[PDB]
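Presented below is the structure to which this report refers.
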Amino acid sequence: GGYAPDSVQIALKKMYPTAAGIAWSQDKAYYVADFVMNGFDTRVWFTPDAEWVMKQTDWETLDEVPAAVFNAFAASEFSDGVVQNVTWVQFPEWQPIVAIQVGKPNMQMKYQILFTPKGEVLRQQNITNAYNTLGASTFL
Numbered sequence: 000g022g023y024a025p026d027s028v029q030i031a032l033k034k035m036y037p038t039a040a041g042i043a044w045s046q047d048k049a050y051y052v053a054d055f056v057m058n059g060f061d062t063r064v065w066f067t068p069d070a071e072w073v074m075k076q077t078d079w080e081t082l083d084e085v086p087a088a089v090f091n092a093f094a095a096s097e098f099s100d101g102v103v104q105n106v107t108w109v110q111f112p113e114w115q116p117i118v119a120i121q122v123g124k125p126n127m128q129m130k131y132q133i134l135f136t137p138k139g140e141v142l143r144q145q146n147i148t149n150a151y152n153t154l155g156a157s158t159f160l
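With the entry's author numbering applied, the sequence shown covers 0, 22 to 160.
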């Protein structure tokens, strides 16, 4: 479902031959493939020239993250919060990123923290009432 040029669809098939029920959408000048891979929600961004520029895997839980990220999150001011999502963000040339979305229900605030695999904080964003916080505008 959704539109994507044939070249872009062929490029995704080459990367994930077992991918089924793919939903295509646009995010700025990118085509985004949305599907389930190994039980995880997966999204792949493509240029119109069928070059992949970003991958996202919704791990959802902290038991999937590198131990350095787990320990940095556990020592942070968000450790007591409700984890809403955990995403492994990858790129063709750049280092991967762990994006954690955590709610503070008593504070009535939602936050997004971007970590390097070594546990270094790249960004602490207040995403209360914000949408598409993991799209091309955050990473590309």
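By construction, the Cβ of each residue, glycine as well, lies at the ideal position given by its N, Cα and C atoms.
At 4 residues or longer, what runs of the alpha helix (DSSP H) sit wholly inside the segment 67-102? Those alpha helix (DSSP H) runs which fall completely within the segment 67-102 and span 4+ residues are 87-95.
Going by Cα to Cα distance, which pick from 92, 67 and 132 is closest to residue 28?
Counting from 1 along the sequence shown, the entry for residue 28 is found at position 8. Checked all of 92, 67 and 132; the closest Cα to residue 28 is 67.
Exercise. Residue 63 CB to nearest chain B CB: under 7 angstroms?
Worked result: Note that chain B does not occur in the displayed structure, where there is just one protein chain.
Pair within 7 angstroms by beta-carbon distance, residue 108 and residue 79:
Position 88 of the sequence shown holds residue 108. Position 59 of the sequence shown holds residue 79. Yes, the pair counts as a contact, with Cβ atoms nearer than the cut-off.
Alpha carbon to alpha carbon, how far is residue 143 from residue 60?
Translated into positions along the sequence shown, residue 143 becomes position 123. Translated into positions along the sequence shown, residue 60 becomes position 40. Cα to Cα, residue 143 sits roughly 24 angstroms from residue 60.
According to DSSP, residue 149 sits in a beta bridge with which residue or residues?
Counted from its first residue, the sequence shown places residue 149 at position 129. Note: residue 149 sits in no beta bridge, so no partner.
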